[PDB]
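You are given structure tokens for the same protein chain in two forms, set apart as structure 1 and structure 2.
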Structure 1
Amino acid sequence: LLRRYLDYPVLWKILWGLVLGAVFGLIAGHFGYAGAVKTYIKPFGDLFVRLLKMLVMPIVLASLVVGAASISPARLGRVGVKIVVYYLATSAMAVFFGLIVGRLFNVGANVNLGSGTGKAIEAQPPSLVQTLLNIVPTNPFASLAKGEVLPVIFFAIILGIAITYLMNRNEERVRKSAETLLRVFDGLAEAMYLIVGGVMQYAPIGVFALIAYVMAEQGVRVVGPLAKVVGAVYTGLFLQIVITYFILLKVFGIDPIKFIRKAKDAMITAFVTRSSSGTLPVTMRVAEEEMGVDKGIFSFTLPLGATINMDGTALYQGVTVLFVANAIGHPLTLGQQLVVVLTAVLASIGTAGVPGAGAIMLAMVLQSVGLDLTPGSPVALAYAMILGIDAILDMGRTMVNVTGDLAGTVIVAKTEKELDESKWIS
């Protein structure tokens, strides 16, 4: 197994590791070894989750610069508008679908938390203008060294536009200086893609361990409200993939049933790794090999959509907010519905392509809309039972995130006439 392992195709490796981890977790729960797997196996899962975070800031700083500097600034404006309007519209529709399914399945209806009416009057703090300001970084190095991906995306796009303006300057000193800066960033982006492709070789172990621990420990609590919220979130993600992307691809002229069988390379790799930004190379190659989108369009829309376009995270937050609110004996309202429609999206735009950041930004959206939790509050008792099925729904959440990443680049490229129609026919 010295190289039979490392040579095996990484997709089938992860897809095998997932099922082995599932069966092994169920068996370790059976034989009663929950603590055993929590002590001896989970450290490798945590190592994987920590490996998938050194590949978020370098790969979003050095890939946006190279993507935005490799486009004419006018085409960059046009493509960026066409793709950001799509990201926002689809995240909005995702939250809408999440709220619909959360109302339909009646998520968390019989939780029996003993909390009749905790708190709902603080539903509307969602500072909008302050966030649209916070996109701009008061200090770019602070936004890098603190973990905020949206300010560093803004600064990286600005730097890319500046470099592509420099590379057309009369002097030769500034021309070569800007070319060298762009080459530094190109080298960094490529080195990060290579490190990600190397971490993926360890992924068939660090996802084995993660799902082994999840199955072992929380394989029994998915019976009532938890099974209902899992069913709700996954039916919502299915509804999204079947309605939103399919309508958007049919109204433009892209066979959805073909787009899916083309994206099945990245859908899976994001489904099991649970990191829409650690599966970025597979997306940036499945959007160029199969779908044929030009290197100009995807190389900027995908490194941006990998972090700011999270339809699945929007949907998961929209469903779990309704869950935790029905868990405190007082559902949302119409006003609270639209408050979520905005706050969940303004949180999706922020959360990074990290395994299990949806839970953190979910706690954030709760601390926004009324349900403020203290370390002993009933809202906290309700939200704490979500981090159990965290992974079991994070998988589908990330799958929909990446599928949406792909069906936006395809739309933009089909509009811009940069879609190789020779690839879209059999």
Structure 2
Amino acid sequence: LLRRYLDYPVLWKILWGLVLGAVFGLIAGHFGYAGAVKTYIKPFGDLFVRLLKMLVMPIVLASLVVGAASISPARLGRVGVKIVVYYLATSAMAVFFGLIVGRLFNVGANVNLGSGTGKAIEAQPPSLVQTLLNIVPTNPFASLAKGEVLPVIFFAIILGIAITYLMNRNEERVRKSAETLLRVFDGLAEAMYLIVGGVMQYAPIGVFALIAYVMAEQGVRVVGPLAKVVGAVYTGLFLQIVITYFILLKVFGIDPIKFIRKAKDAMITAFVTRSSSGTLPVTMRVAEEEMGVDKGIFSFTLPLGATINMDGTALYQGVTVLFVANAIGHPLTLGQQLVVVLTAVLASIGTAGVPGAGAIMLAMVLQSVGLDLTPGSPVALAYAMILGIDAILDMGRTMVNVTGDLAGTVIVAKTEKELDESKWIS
């Protein structure tokens, strides 16, 4: 009778896992029991996170090669530039919403910071041209064996274009060899999609465990000013999803409610996994088999959007800037806010592919608007206070990042006349 578990449709099976995990974590971590949760429950969550991370590199390499090798380079270039301008616009609007909400909700009214060696991170912004040079891999195998997503994107696209140029050639040997290499990569991509199907069949347990641990450990650090911060962040995220993405899908024809009902599979995996590059397998599978997007559009726009299009992250940064500026007692004016917007939009590009860049971008936005992040200063104390409930903030903004990647893929597909209209209508 175990099969009923494995034979349960996973659409309304994740949400139940997530909600029951939230309830269990809140009723456990409120009675002083987070230790048993972290020792006996959270291993399942970490196993699920690692099971998802295991697929991100083979899936991106294989699917991207098979896609780019099935698309004319002109279409690939126009899709690239369209999705890039879309990503910049969405990050800008997300920081705009973040600042608007932070000013509205009056986040950080009286933070009442203490005294101590606050958390500080040396900004050290990598150069922009240096980052655009790091997109080219000095070694493709070393860029595979390091978890970097952008260099392998570049190499996979180049290899796909070369492979289709080969399959356009005239000599039988080279054409057959190109076809065989493409069949290898196709089999690899499809095997990875099947493994993703299996992992998502297992996913309710991992989602339960993860959300239970997260809402149990930090289910009590949400009080007073931290409660204000988490409320303002989640309100900004819900307003980004319900205003910007809804209007952008409604202006290009895509029905918003349908897109959300279909992306609820890769949304509740991001909201819990707390990594946009982690849930890349789930979102690529959902954009291929629940949206009807050509494998040349989503396979290019989802992995890139997993390292560039950070909307929830940009919103969290734009609102924690207001929080820290109100904590130190020197509020932000109406021009420094535009500087924050520009600097966040530019930092999302300047940290494209850098691992652990969740704090470098915040250091950039704080340095460019005068708030030096030198340690021991009150600004470091407020940033450490935020890093406190970060684990409960890092949940929603990952969901917003992945929903943004998906909405960008869907829009670029629909505007390029390669979106399956059959599985959209009812």
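Structure 1's sequence is the ruler for residue numbers, which start at 1. Just so we're on the same page, rigid core means the largest C-alpha set that superposes within 1.5 Å between forms.
Rigid core superposed between structures 1 and 2, residues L338, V230, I157, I100 considered: the one with a C-alpha shift of 2 Å or more is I157.
Superimposing on the larger rigid part's C-alpha atoms between structures 1 and 2 leaves the smaller part rotated by 19 degrees. Relative to the superposed rigid core, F31 shifts its CA by 5.4 Å between structures 1 and 2. In the core-aligned comparison between structures 1 and 2, the Cα atom of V365 sits 2.3 Å away from its counterpart. The two forms, fitted on their core, place the C-alpha of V410 0.3 Å apart, compared between structures 1 and 2.
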